[PDB]
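# Coordinates in review
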Amino acid sequence: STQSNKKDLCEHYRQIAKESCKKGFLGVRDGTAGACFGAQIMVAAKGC
């Protein structure tokens, strides 16, 4: 409904929000810890 061609690339961007979350929590993304949601948001003002 909302996305079809803008799929996986934009999801892939939240796939990067995974490797935010497995390793480290005091300089991930310089917020500090994107941690599988503070990079899921950042997608909506980075490329997607």
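Residues numbered from 1 in each chain as written, not as in the entry; some residues may be left out. Heavy atoms only, no water.

What the deposited record gives as its method is solution NMR.

Look at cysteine 10 and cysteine 48: UniProt has them disulfide-bonded, and their sulfurs are 2.0 Å apart, which fits a closed bridge. Note that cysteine 10 is positioned in helix α1 (residues 10-19) and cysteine 48 in the segment after α1, a separation of 38 residues in sequence. Residue classification places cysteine 48 among the partly exposed residues on the basis of a relative accessible area of 28%. Judged by the 2.5 Å criterion, the disulfide between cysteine 21 and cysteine 36 that UniProt reports is present, the sulfurs being 2.0 Å apart. Taken as a pair, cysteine 21 in the segment after α1 and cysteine 36 in the segment after α1 lie far apart in primary sequence, 15 residues in all. With relative accessibility at 37%, the residue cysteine 36 sits in the partly exposed group. (Disulfide = S-S within 2.5 Å. UniProt positions renumbered as here; feature names shortened; annotations may be inferred. Helix = DSSP H or I, 4+ residues; strand = E, 2+ residues; numbered from the N terminus. Buried < 20%, exposed > 50% of the residue type's maximum accessible area, 1.4 Å probe, protein only.)

A few words now on the environment of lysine 18. Of note, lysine 18 is situated in helix α1. According to the relative accessible area criterion, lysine 18 is partly exposed, its value standing at 40%. Along the chain, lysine 18 and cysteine 36 lie 18 residues apart, while their C-alpha atoms are 5.6 Å from each other.

Right, let's talk about unusual backbone geometry for a bit. Phi is positive for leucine 9, which is not a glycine, with a value near 140°. With phi around 55°, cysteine 36 is a residue other than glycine that occupies positive phi space.

To continue, consider the state of the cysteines. On inspection of all chains with the given rule, the structure shows two disulfides. A sulfur-sulfur distance of 2.0 Å marks the disulfide that ties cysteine 10 to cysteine 48. Between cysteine 10 and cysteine 48, the S-S dihedral sits near -90°, and the bridge is therefore left-handed. A sulfur-sulfur distance of 2.0 Å marks the disulfide that ties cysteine 21 to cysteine 36. Residues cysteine 21 and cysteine 36 are joined through a disulfide that is left-handed, its torsion about the S-S bond being -40°. Given a relative accessible area of 17%, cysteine 21 falls into the buried group.

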